[PDB]
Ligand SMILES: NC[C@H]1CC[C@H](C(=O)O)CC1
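For reference, the chain that follows is the form solved without the ligand, supplied as structure tokens.
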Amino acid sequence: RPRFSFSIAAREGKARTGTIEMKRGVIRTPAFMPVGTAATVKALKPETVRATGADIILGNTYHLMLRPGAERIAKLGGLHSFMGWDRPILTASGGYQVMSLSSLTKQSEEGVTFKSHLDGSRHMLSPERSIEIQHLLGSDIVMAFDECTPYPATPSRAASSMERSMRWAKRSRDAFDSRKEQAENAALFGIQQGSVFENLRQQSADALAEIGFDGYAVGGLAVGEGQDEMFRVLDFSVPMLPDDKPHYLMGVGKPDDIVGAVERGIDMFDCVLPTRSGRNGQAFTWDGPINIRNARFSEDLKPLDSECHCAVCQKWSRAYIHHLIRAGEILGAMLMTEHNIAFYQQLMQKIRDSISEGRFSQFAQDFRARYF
């Protein structure tokens, strides 16, 4: 019923489990959010995404702004109505994808100018334009617009990028607030930057706390620093963010990354891996990923994972899916993606249950032992 309310039900070490109540629904945390790139979670109907246990999905602000356009979607009734998803939606600021998929990017204090990677150039993105677009889409959790620091980054480089983003965090905060409809029904998350330098991350965390946000995201990770660095950064970074506010690790999604991140205080995750690998032929199982294309699954009558309760493992065998994917059939992409998303949602449930029960440390240990 409330606009945003985070409640921690249980803790174990730095890990915690709880819920985020929003107008459109409850979000059980640690939570994993499927990524819906072009107003659709690849190869899945919204009902199918809900069936796997997903409480929230992530929307793209860059992508959607180019096709079909923010203003267009608003006119049509908003992303929710447009895609058929009635629960909360968190939308990226667009800044990251601009710098990765845009042609001739132009950085400046006011924002970034770029060329759409497909048809001319839907061109300008600034803190306030980002917040506007996200309002037009009608997202429940809005991400402040920032400047991601590439890896590696020198201290001065990291410093100047972090400083800029904090200025942009303030601007995002103001923009968000000026739109009453948005400020009253949505939530705004700030993003900590600073690369791998704790002094920088500390500065970023303090700035952010001074401005004040509903949730704090740890940006800058999963950009090539490797699990070891990531975890090292998470170690000192997450304790810098308000404990009573959700911590969201952006773009982190290998099953072992999630488990390790939750051990360090992360509550929300998002990643294209489950959907991506699914189209690719890679299925996640409790015993490690398997590539269904491999000849040894040609006549395997067992489900993708014998402990997985998803619709695909309950109704089809590895042999059929193996065939589907090798034949290039759409159904294979559908079934694989459904399975991977279901797997990730089961992993988040197991994490949540183990934390509530004070046995997350043993679960992580057992998880890693069998998965690897």
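In case it trips you up, residue 1 is the first one in the sequence shown, and so on.
Form solved in complex with the ligand: not shown, discussed below.
Peer 1: In terms of non-hydrogen atoms within 4.5 angstroms, which of the given stretches 259-267, 143-151, 292-300, 239-247 touches the ligand in the deposited complex?
Peer 2: Stretch 143-151 is the one.
Peer 1: Quick one: does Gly251 come within 4.5 Å of the ligand in the deposited complex, counting heavy atoms only?
Peer 2: The answer is yes: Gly251 has a heavy atom within 4.5 Å of the ligand.
Peer 1: So in the deposited complex, does any heavy atom of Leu221 sit within 4.5 Å of the ligand?
Peer 2: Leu221: yes, in contact with the ligand in the deposited complex.
Peer 1: Taking the ligand as it sits in the deposited complex, is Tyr216 near enough to touch it, meaning that at least one heavy atom pair lies within 4.5 angstroms?
Peer 2: It does not: once the ligand is placed as it appears in the deposited complex, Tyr216 has no heavy atom within 4.5 Å of it.
Peer 1: Although the partner isn't part of this model, could you tell me whether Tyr96 comes within 4.5 Å of the ligand in the deposited complex, counting any heavy atom of the residue?
Peer 2: Result yes; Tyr96 sits at the interface with the ligand in the deposited complex.
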